[PDB]
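As structure tokens, one chain now follows by itself in the form deposited in one PDB entry.
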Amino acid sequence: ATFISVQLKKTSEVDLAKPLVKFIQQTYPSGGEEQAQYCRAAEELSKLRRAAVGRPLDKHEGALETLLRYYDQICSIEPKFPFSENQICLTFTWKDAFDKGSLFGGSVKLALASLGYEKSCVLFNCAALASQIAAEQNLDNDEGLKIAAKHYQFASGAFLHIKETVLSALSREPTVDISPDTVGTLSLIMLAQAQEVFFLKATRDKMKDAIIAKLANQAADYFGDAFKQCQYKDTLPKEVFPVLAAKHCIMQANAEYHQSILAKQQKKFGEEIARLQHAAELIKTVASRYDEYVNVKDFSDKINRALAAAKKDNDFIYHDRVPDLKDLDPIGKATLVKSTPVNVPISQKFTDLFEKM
């Protein structure tokens, strides 16, 4: 399985409790039970940070909901202790998800006394965990399919939220990993993989080849635009560009292949041959260029078996003219996929620890 997922951002442990504890007892004089119970809920919050961003990595829904709860909580804490004018000192330290950093001294780290920056990197990890769970699904299983489609759309929409938001939410120029350009490209990639899940669902359910071709054609568009975003950049890991380039051509070929079954059904045998020749050319390009990244052997065979039978019978029986590609109609496009908006709360059965305030 050749799906792209994103590694989690690392962060050093922080004592969330103390800098809040003291900032509570300033505007809460009664140091006996009621108003100093926010100081115990602030203890649960520090515990939540360590649970969300501290634990050994769990590629499971349990870890994701923790991460999402913590995002939700941070959004609820921003008005309580007005963070626009700085009066609290709390410094979060996050390492860049992709930048190795020169081994000639230090990785790429950014420390910022900012709720804006923390919730950005948190949301990044929600997106990146969602992407990893999506990619580990069993796509030869209908619930596996449903999980992937759901997690890719979540993540896509979460990267997009950061894109729109990072600059405003931070004081400094962000790290590259969360900059709008990197995170806009990740968004598109997750959206591409979500579309491809719909094509795999449609294929599995043996739906109408016309529909299946339209969903593959739209996947090809999303994969095309993503690689063209990586073409002059070296931010993402080195497998990403060639996997996207190949999926672009793998998807155009699936589009042509399913369109050619529609054509055969309609007895347009010349057009079948023309579409199948297109698909074989595309797939031969991926086999020769992207052999390290994708295994395209059985599709090549399916296509070749079909092209050979098609030519034989056209030559012997039908004698249709094989059209030029530029004379064929365009395959349509069907998108079944969107970037899930981030509207807190995004966690299940969310309770604001500081809802009294």
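The first residue of the shown sequence is 1; numbering continues from there. The term rigid core refers to the maximal set of C-alpha atoms that superpose within 1.5 Å between the two forms.
Stretches 137 to 145 and 253 to 261 differ in mean C-alpha B factor, with the higher average recorded for 137 to 145. Stretches 85 to 93 and 156 to 164 differ in mean CA B factor, with 85 to 93 having the higher one. When the C-alpha B-factors of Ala111, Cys126, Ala274, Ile212 are ranked from the entry, the top spot goes to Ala111.
Ranking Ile283, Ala220, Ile74, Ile189 by the C-alpha B-factor listed in the PDB entry places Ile74 at the top. Annotation for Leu103: CA B-factor lies in the highest third of the chain's modelled residues. Looking at the C-alpha B-factors along this chain, the one for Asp181 belongs to the middle third.
In the deposited entry, the Cα temperature factor of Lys119 sits in the middle third of values across the chain's modelled residues. Among the modelled residues of its chain, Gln266 has a C-alpha B-factor that falls in the lowest third according to the deposited record. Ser171: CA B factor lies in the highest third for its chain, per the PDB record.
Form deposited in another entry: not shown, discussed below.
Lining up the core between this form and the one not shown shows that one residue from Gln266, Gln231, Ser168, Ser84 moves its Cα 2 Å or more, and that residue is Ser84. Core-aligned CA deviation for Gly32 between this form and the one not shown: 2 Å or greater.
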